[PDB]
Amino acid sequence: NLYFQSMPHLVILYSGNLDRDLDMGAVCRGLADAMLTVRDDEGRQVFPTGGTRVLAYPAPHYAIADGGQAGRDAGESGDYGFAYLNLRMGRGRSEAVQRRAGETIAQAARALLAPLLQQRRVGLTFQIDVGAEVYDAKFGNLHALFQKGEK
């Protein structure tokens, strides 16, 4: 159903140390922009503009891999980072369309997060989940700005 696909949310969970030399707000906007470019084989927009949201949360407490040992042993700082990107999309789409959306967003993420790779060792992971919710309600007023109307 199109209803099930009307609420795509991408959440970024990342180690707080990444805030040092990257504008995460700009990364959010870049990823949102990337989602909005995705078209199916019929030319339909896969992620509707009105329902798209990207949000990012720096974790104040974290443990990554071995805690730095391998890094320090290799003559590096051992100060690791990570970012985990999760897109929750609606049911009903083919694997090919899911993988197209995945590839497009992943390539955008690679480009936007590229500066991080120069600064430290960083794990970067992106997953797409399909929502299996048993109840849905939309009740905001944002949708009103994306309704059709000739002036």
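From 1 onward, residues are counted along the sequence shown.
- As listed in the deposited structure, the average C-alpha B-factor of 63-71 and of 100-108 is greater for 63-71.
- When the mean C-alpha temperature factors of 78-86 and 42-50 are read from the deposited coordinates, 42-50 comes out higher.
- Among 128, 142, 22, 11, the highest C-alpha B-factor recorded in the PDB entry belongs to 22.
- When the modelled residues of the chain are ordered by C-alpha B-factor, residue 121 sits in the middle third.
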